[PDB]
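Number of protein chains: 4
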Amino acid sequence: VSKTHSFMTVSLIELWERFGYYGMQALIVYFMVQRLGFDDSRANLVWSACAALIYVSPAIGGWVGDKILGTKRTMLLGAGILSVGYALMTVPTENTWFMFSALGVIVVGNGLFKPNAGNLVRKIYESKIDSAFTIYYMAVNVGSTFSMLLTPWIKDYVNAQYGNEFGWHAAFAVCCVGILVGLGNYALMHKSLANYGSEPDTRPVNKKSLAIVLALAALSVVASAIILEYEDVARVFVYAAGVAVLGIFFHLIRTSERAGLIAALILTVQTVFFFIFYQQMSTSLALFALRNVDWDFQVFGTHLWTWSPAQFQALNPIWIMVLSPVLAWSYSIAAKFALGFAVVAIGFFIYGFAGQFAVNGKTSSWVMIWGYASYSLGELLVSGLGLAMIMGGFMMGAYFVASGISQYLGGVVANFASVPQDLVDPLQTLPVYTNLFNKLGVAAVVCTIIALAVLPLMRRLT
Amino acid sequence: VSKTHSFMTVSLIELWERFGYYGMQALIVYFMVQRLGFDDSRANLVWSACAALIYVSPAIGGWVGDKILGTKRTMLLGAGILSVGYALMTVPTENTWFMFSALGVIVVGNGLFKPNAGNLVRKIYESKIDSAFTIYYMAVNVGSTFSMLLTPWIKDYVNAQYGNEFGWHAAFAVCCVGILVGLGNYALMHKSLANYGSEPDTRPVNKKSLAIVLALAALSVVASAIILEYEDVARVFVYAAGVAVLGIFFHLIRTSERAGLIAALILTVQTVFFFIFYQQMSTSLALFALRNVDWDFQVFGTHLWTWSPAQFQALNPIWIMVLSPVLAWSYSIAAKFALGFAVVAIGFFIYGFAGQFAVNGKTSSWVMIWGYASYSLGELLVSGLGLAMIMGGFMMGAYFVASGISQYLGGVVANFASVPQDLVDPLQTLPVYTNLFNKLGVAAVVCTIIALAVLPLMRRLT
Amino acid sequence: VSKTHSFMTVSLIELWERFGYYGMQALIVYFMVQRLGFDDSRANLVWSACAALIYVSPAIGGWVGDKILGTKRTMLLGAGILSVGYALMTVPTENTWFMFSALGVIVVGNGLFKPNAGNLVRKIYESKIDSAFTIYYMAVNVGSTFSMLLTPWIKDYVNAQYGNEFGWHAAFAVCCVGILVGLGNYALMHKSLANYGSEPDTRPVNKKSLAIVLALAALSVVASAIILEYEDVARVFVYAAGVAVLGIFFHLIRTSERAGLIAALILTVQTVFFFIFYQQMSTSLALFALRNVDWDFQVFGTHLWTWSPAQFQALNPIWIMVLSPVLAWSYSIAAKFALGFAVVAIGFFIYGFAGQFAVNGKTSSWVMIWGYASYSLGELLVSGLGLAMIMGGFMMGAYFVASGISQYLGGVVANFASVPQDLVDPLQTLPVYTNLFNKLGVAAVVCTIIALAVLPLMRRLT
Amino acid sequence: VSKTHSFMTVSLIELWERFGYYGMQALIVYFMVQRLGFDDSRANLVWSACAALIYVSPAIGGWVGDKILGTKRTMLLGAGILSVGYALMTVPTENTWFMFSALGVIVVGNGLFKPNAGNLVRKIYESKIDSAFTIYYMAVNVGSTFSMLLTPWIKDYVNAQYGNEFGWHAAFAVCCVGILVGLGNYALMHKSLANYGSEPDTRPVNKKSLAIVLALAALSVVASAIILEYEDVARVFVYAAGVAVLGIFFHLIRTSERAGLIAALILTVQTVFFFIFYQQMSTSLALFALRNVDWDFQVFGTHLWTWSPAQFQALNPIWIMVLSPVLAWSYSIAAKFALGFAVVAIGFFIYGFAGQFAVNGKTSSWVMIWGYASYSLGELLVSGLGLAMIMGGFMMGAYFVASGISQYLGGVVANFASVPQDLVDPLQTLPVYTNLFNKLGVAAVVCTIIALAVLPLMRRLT
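Same order as they appear, the protein sequences are chains G, P, C and U.
Numbered by PDB author numbering, the letters in the first sequence go through residues 8 to 133, 137 to 266, 270 to 345, 356 to 413, 421 to 492 in order.
Numbered by PDB author numbering, the letters in the second sequence go through residues 8 to 133, 137 to 266, 270 to 345, 356 to 413, 421 to 492 in order.
Numbered by PDB author numbering, the letters in the third sequence go through residues 8 to 133, 137 to 266, 270 to 345, 356 to 413, 421 to 492 in order.
Numbered by PDB author numbering, the letters in the fourth sequence go through residues 8 to 133, 137 to 266, 270 to 345, 356 to 413, 421 to 492 in order.
See below:
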């Protein structure tokens with residue numbers, strides 16, 4: 008019908024997938040701490056290790072879709088696997104080895120879906139791909155906004171009326187049917203994308219490669235599950251991946270009139286610094302909002318609604334949609360890496376500033392409003408950190431793993447604010463959060479000083 | 008003599024008509040609540056239903072003036088009817104069916120005057139019509155400024171010296187003689203406009219069409235009066251008009270390479286949101302200033318004057334004249360719909376912020392100064408909402431009725447802050463106003479988020 | 008030698024003349040109130056009547072210098088007369104008729120000096139006259155800065171060491187020798203200006219015209235003296251001048270395609286409004302600083318110096334020199360008349376804001392610092408009000431007298447804050463100043479609204 | 008190899024030299040007051056007299072390197088002498104005549120190193139010398155940042171673990187090995203600079219000139235040492251140098270169409286004003302941070318680290334690196360001399376503002392953060408004051431000595447806040463610092479008024 012209509016199909020299946028995922032991520036940390044018996048120091052590492060596997064997962068699935076299998080049907084393979092994942096979350100048990108299987112299925116499902124969905128978005132428009143993606147991302151933000159608001163409300167509602175289990179699991183069931191809605195939506199308008207495939211979707215399926223990847227995918231689920239439960243398995247894995255990145259960089263030092274890549278090393282170091290700050294938003298800030306934030310939302314002394322601690326994470330997509338047009342009007356260069364560090368700093372200082380003026384053991388919820396406004400602003404102007412990163423094949427891969435490991439590294443930083451489960455009084459848990467965030471803000475000021483001091487080197491490469 | 012001299016005549020008769028009208032609107036809500044025995048929940052609906060009939064009234068009179076009758080003599084017909092309306096208000100009785108006849112006469116009189124007066128202003132300058143109207147509007151603002159200051163003072167003065175009735179009715183008598191002054195002013199300088207008429211004013215009067223419209227006008231007065239008193243008659247009327255707009259839109263969906274009109278639907282939705290916020294200024298804010306605002310105006314601890322609650326509405330034309338040149342210097356695009364929502368939000372938050380810092384049961388009057396500064400600023404940059412709205423005949427009409435119905439809808443929103451007449455203590459009526467305004471400000475923040483999130487769709491139509 | 012050297016001579020004699028004058032004006036109001044037995048309501052009218060005669064005095068002397076006598080030797084005649092004036096102030100008596108003779112001599116001396124000094128400055132550069143005057147004015151500001159700091163210190167010093175009289179009179183003696191220094195400075199470098207005269211200085215002196223003006227000058231001194239003491243003589247004089255301006259305007263109405274002069278009438282009305290606000294700075298603000306300002310100047314809790322109430326007026330030339338380059342950098356149109364009204368408003372609100380936060384009966388002296396910063400800023404961007412004012423001969427004269435009368439009118443406005451000399455407690459005199467200034471600030475806000483509302487008329491003349 | 012590689016060598020030896028020096032300057036005032044028995048009024052004059060000899064020292068060494076000796080080997084001669092200086096500081100005695108020998112060796116060593124190091128930086132790039143120096147200065151700021159943080163920590167650490175002496179002396183030993191590191195770093199990459207020398211380094215060494223300068227250098231060390239201990243010897247020296255500058259200026263008055274140099278005199282006067290304010294940062298601010306600043310650094314109520322009073326001076330290089338790119342983005356003229364005065368003023372007012380809100384006898388350390396942000400900002404936009412200063423040979427020299435003397439003059443201004451060593455209570459020493467800084471801020475406001483009032487003269491030379 009039109010290229011917009013093919014863009015309509017992929018944006019609809021993309022909207023409903025990020026719906027299911029972010030509706031699950033907002034509750035996955037609370038689910039381990041509250042519903043399951045996980046202490047927070049373990050729930051931080053288990054999620055962060057999963058967030059590391061999730062981030063590097065599109066590297067394989069992006070290659071499987073266009074070199075081996077089909078970018079459409081590999082994207083659909085990822086979607087079907089993701090259906091299983093959230094369906095695996097909705098069965099009501101207290102089995103640990105049951106939830107880790109779902110998270111590993113989510114990791115394998117994510118790698119096969121996300122890059123391929125965004126890959127053919129680039130193929131649909133052959137250079138207004140920038141106009142399409144900017145509408146493609148606003149569809150992501152508007153979709154994840156609903157789920158992060160909807161799914162924690164279902165969790166609160168069904169638990170109040172139906173007992174103890176169905177609340178958390180209907181929330182996950184909502185994420186599962188979200189995937190099925192987008193799959194059904196794609197099944198009806200698939201005709202436009204059927205004529206717009208990758209290079210091998212034109213050609214029929216290779217069952218040798220199909221059986222190989224399906225066996226490796228099941229192998230990967232089990233390999234990802236083991237990594238999550240046994241924390242030390244992930245440590246050595248993170249260590250092994252960390253030494254590899256340090257090796258690819260030194261091997262690149264012994265090469266070439271090519272001083273400009275020592276700046277790429279500096280851009281990688283600050284990237285490791287950045288993901289530790291953003292990973293903090295899903296770990297400590299969720300626990301901070303869980304224990305020491307007054308969910309009662311009152312504007313100038315009148316009650317509106319009582320928050321759910323997972324719905325605070327919906328303020329990230331909201332603030333992205335509110336600030337992206339404002340930055341566009343600001344039109345009428357890796358130094359902006361330093362500017363993002365400064366924004367992240369005052370965001371950690373907001374939570375610190377929250378401790379002084381508002382004291383009841385619980386700081387107000389308005390902190391989560393002004394806080395997430397800062398982190399999302401910081402995220403807005405810097406994210407896509409290594410997309411513009413510039421014989422470069424192992425260089426891009428080193429950037430990937432360094433960003434994946436820092437996801438896990440952000441989890442061990444959040445453990446600095448891991449409350450012992452023998453500390454229940456919120457008056458006593460307030461210092462452990464404000465102390466972490468305050469020096470985290472100081473550390474972000476140091477990164478600002480670092481990136482600003484290193485600026486004469488960046489201007490010298492140009 | 009000159010085109011400016013023909014513009015001088017129409018601007019003088021326009022200045023004196025908006026003088027009579029706004030001098031009556033500032034007191035019409037108080038007149039029903041104070042002088043008459045109307046509870047506020049009824050005075051809100053009766054005025055809002057009248058403000059709905061007033062807004063859509065120029066649709067007929069604008070067509071009667073240039074297609075059937077004469078834009079000059081239809082404008083003059085409206086003016087003469089408006090003379091009767093304010094004269095019908097000045098007779099001192101406690102009869103309900105007596106005031107509703109005046110309001111209906113005002114509705115019929117308004118439709119015949121306002122569009123035709125502004126119609127020939129466009130005809131006088133054949137493209138500096140933008141230069142004329144900008145002077146034509148400043149004449150409106152300076153005229154309605156006097157009456158909204160003058161007429162409530164007469165109401166206070168004559169009531170203090172002459173008892174109980176003459177105060178309110180001399181205020182309306184002032185609005186009536188205001189119309190007669192402009193009619194007398196037009197009767198002397200009519201020679202310039204006599205040579206500048208519509209298409210049929212050239213031709214003599216058609217008494218068949220004259221008698222038909224005069225009978226329909228009297229029919230319309232009675233039809234408008236019945237709608238006001240019996241609130242349910244207006245509800246079904248508003249319902250019937252609401253279903254019609256929903257029908258014209260769907261009938262337009264089944265038509266056409271014409272996706273751009275789904276944005277016109279979005280522009281209509283936010284317009285319904287907008288008029289509910291501005292209708293709030295005449296309903297709840299007048300009652301808020303009536304019961305819970307300290308009329309004592311003191312600047313840094315010295316008494317100046319004591320306000321009349323109706324004179325606060327004169328701050329809207331004043332702030333329009335103060336801010337329109339400032340915005341002009343700001344020169345050295357339906358996203359400004361979102362910007363207006365943000366301004367309206369902080370305006371409702373001013374009244375909310377008023378509740379905390381200033382507490383005696385009565386908030387200060389400076390709230391009405393900074394408040395109306397915000398609403399008028401918001402109004403300044405967005406109003407004329409659907410003038411630039413773009421086979422389009424039923425589309426423009428759907429925009430009209432959707433904006434008229436929202437006038438009545440703003441009245442039912444004001445009823446959320448309808449004080450029971452058994453609640454006299456201002457300390458107890460302060461929460462009912464601050465609670466409405468505060469969440470109204472939150473609702474305007476949501477509209478800001480909506481219009482900003484929908485911005486990639488508006489940029490895609492261009 | 009050079010045109011700069013001829014500009015050096017006139018700027019040096021100009022610097023020393025404004026030295027003597029402003030060194031006398033800063034103390035003339037205090038001298039009548041403190042040293043003499045004048046109640047403030049009389050000292051306000053007597054000075055304001057003199058400030059009116061001073062302002063319109065250059066009209067005659069500017070014409071005497073180039074049409075009748077010699078712009079150089081008329082300027083020198085004014086200077087010699089001004090020598091007598093400050094010498095007439097230095098003789099220690101308590102005779103009223105003795106000081107009024109000096110003030111009248113100052114009025115006659117001022118009219119003969121000021122325009123002629125600035126006249127040949129225009130002649131020296133034949137179009138960089140704008141570059142010369144901008145240096146010519148900075149010489150005025152730096153000269154009047156010294157005297158307004160120096161002369162009140164001499165008054166305080168000599169009174170403490172020598173008794174009661176010599177303090178005030180040595181201060182005036184300092185102003186007299188200031189004139190003599192500039193006369194001596196001119197007597198040495200007169201060779202450059204001797205070749206740069208007016209049209210008749212080339213020609214020899216006409217003793218018929220010389221004797222006529224010298225007799226009229228003595229006649230004018232006595233006529234000016236009588237006007238000052240007997241207040242009613244000035245009232246009828248001000249009335250007679252007021253009716254004349256109202257007559258010249260109506261006589262101009264009966265003339266001419271010349272609607273643009275009704276804006277000149279509006280520019281005159283706001284000018285009358287402006288001079289009332291600036292005349293307030295010399296009248297009420299001097300009395301406010303005299304009675305209710307803590308002369309103790311301490312910055313963050315450490316004593317620097319103790320002010321003299323007359324030295325606060327030196328903050329006007331200081332702030333002029335500080336803000337004129339800032340406005341120049343602001344480069345990278357009678358609406359600025361409205362902007363000046365807004366600045367004057369917040370200046371009167373500073374003194375009002377001073378009343379609340381600082382209360383001991385005496386407000387801090389920092390008010391005089393931030394206050395004079397506002398008035399001088401306001402003065403900076405609007406002053407020279409009718410220099411750009413555009421068969422125009424009686425029109426310019428009407429602008430002159432309307433600005434002169436408003437000087438006296440500003441004196442009667444200051445009388446609204448005239449303290450009875452039976453009210454000594456500063457706690458009781460604080461309201462009478464804060465009440466005047468606060469509503470004066472409200473009146474300046476009205477002028478802002480007026481000039482902004484009238485802005486569509488000004489844009490229509492262009 | 009490349010011009011960058013020759014720039015790499017000089018920037019590495021420069022980084023390590025400013026490392027040793029600023030690591031010594033941060034502790035030299037405290038060393039005299041704390042470790043030695045010097046009262047602060049003497050430690051201020053002794054350092055300021057040394058800072059005067061240090062500033063004018065590059066005048067000889069800059070001429071010795073290119074006219075007599077070799078810019079490379081004269082720079083290396085200075086470096087070797089500077090090695091001796093910090094080695095002379097590391098031997099643990101209480102002998103006064105022992106430390107003064109080191110400071111004099113530092114003065115002779117500094118003059119021979121600093122200009123020659125920066126001289127050939129200009130020679131390496133023959137016009138991107140501005141691009142090299144901007145990277146050359148960032149290497150200076152990053153190097154002095156480490157030492158000013160590192161050396162006071164060694165002083166605190168070794169004193170706590172090893173007693174009383176080794177702390178201060180290992181800190182100086184760290185500065186000595188810093189010089190040796192850069193000398194060793196230069197000894198390895200000397201091949202690139204060996205081909206890039208001055209005019210006579212090409213030619214072999216002249217042992218007549220070598221022996222003469224080495225004897226004069228030893229003579230200069232003893233001459234500099236005597237000047238430091240005996241304060242009156244420096245006074246007459248400063249007097250003799252002061253009369254010389256007043257003589258060179260008058261001798262230049264009797265010369266020449271050359272009025273523009275009376276502005277150079279004005280630029281010199283404000284320069285004397287400037288160096289007194291910046292010299293204050295090393296004298297009084299170090300003592301203020303020593304006695305009346307809470308070294309406990311807590312952000313929003315959580316302890317980070319406890320400061321060392323010498324490490325506050327590391328905030329100057331840090332803020333330079335943070336603000337220099339911000340000023341570069343401000344791109345999208357000796358009036359900026361006035362702007363720097365205004366910045367310095369609010370910096371002295373920060374310390375004054377510190378006295379009111381924070382009172383325990385000790386003001387917070389955040390004052391040192393916001394304070395040094397102002398002084399460094401002021402320094403950023405004005406420093407290099409007389410580099411652009413424009421038969422001019424004695425004119426440049428007069429500018430040098432006037433800037434050197436003001437270093438000593440800043441020391442006598444700091445003595446206005448010299449606490450008697452019989453005043454130990456910090457509650458009693460707080461006024462003596464806040465009183466100095468507050469009126470120092472007032473004096474900087476006067477310099478702002480002066481430079482702004484003199485601005486019409488500067489615009490007239492262009």
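Cβ coordinates follow ideal geometry from the N, Cα and C atoms, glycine included.
Tell me the DSSP secondary structure of residue i in three-state form.
i	result
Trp-318 of chain C	strand
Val-246 of chain U	helix
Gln-32 of chain C	helix
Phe-313 of chain P	coil
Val-449 of chain U	coil
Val-187 of chain G	helix
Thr-386 of chain G	strand
With a threshold of 16 other CB atoms inside 10 Å of the CB of residue i, please say whether the residue is buried or exposed.
i	result
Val-312 of chain C	buried
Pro-214 of chain C	exposed
Between residue i and chain C, is any beta-carbon pair separated by less than 8 Å?
i	result
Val-335 of chain P	yes
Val-114 of chain P	no
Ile-139 of chain P	no
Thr-16 of chain P	no
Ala-483 of chain U	yes
Measure from the C-beta of residue i to each C-beta in chain G and report whether the shortest distance is under 8 Å.
i	result
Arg-490 of chain P	yes
Can you pull the chain P residues whose beta carbon is under 7 Å from the beta carbon of residue i, in chain order?
i	result
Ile-145 of chain G	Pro-486 and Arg-490
Could you check whether the Cβ of residue i sits closer than 8 Å to any Cβ belonging to chain U?
i	result
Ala-358 of chain G	yes
Interface residues of chain U around residue i at Cβ under 9 Å?
i	result
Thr-100 of chain G	Near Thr-100 of chain G there are no residues of chain U at all, since even the closest Cβ is about 41 Å away, more than 9 Å.
Which chain G residues sit within Cβ distance under 7 Å of residue i?
i	result
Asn-465 of chain P	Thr-315
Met-199 of chain U	Going along chain G, no residue has its Cβ under 7 Å from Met-199 of chain U, so there is no contact; the nearest lies around 16 Å.
Closer than 8 Å is the cut-off here; do at least three beta carbon pairs connect the stretch 154-172 of chain G with the stretch 73-93 of chain G? no
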